[PDB]
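Counting in the authors' numbering, the sequence shown runs from 9 upward without gaps.
One structure is given below, encoded as structure tokens.
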Amino acid sequence: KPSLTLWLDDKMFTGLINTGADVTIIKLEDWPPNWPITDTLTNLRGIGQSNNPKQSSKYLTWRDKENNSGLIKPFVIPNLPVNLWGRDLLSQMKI
């Protein structure tokens, strides 16, 4: 399958598996507005400073449906049409 549903802290998210990227990206529309984000100067692949990318301020706990768990600190961007799981997350999971 091409997509994966997981929990980040206390919310479920679905996204495409994006093993080509080292970092995970959540679309701003799915980002809970009470969760802290901070502007990032990090140079993301394919994303320009003018998109004003942000990063989760804290690490989030991820869980899968088997209660395997880890931590990721995803980037968050506007006008992204799907959530994209990167290697930061995928290398922690049994796949």
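For each residue, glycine too, the CB sits at the ideal point set by N, CA and C.
Across the set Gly23, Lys9 and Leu14, the C-alpha of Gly23 shows the shortest separation from the C-alpha of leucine 88. Around the CB of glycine 94, 16 or more other CB atoms lie within 10 Å, so the residue is classed as buried. The DSSP-derived three-state label of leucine 97 is helix. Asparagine 59 sits in a helix when the DSSP states are folded into three classes. Taken in chain order, the complete beta strand (DSSP E) segments of 3 or more residues contained in the stretch 10-76 are 11-16, 19-25, 33-35, 45-47, 62-64 and 68-71.
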